[PDB]
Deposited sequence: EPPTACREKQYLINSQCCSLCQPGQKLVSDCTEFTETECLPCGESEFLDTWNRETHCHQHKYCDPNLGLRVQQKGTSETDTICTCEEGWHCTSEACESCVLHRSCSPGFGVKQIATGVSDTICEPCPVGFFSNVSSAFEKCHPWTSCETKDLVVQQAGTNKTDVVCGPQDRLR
C-alpha cells in the first residue's frame, strides 16, 4: 500500500500528518491515529507537518523602524513593514529614514 495525500511514512506505516498550527507529539500506529498538539501563543507551524517543535514568531522591533503589518497566527508567521521609513534590505529585517 502507498500513502494517501497529507500523510507520511514511518516504518511502513502511513500516518496522518499534523495540520498547520499543530506539532507532532506521537506517530500513529496500526490502530491509533497521529497525535498532534497546538502551537503556543507565540509559536506557529505553517505547513502540514511532522515537526516536534513549533517556530517562534517574528518580532518587529520599533527600534529597527518596524510596524506589524499582519499579526502572528498559529499557522502564519508575523509580517512586518516600516512606516515614512524605507526598507534597506530586500528581506526587510530593518528600515531607515
| query | finding |
| --- | --- |
| Missing stretches, numbered from 1 on the deposited chain sequence and kept in order | 1-3, 87, 102-173 |
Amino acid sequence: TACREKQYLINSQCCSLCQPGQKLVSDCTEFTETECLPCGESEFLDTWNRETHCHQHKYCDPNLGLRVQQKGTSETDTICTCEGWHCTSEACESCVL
From here on, numbers count along this sequence of modelled residues.
| item | value |
| --- | --- |
| Stretch with the higher entry mean CA B-factor, where the candidates are 84-92 and 69-77 | 84-92 |
| Comparing 44-52 with 29-37, the one whose average Cα B-factor in the PDB entry is higher | 29-37 |
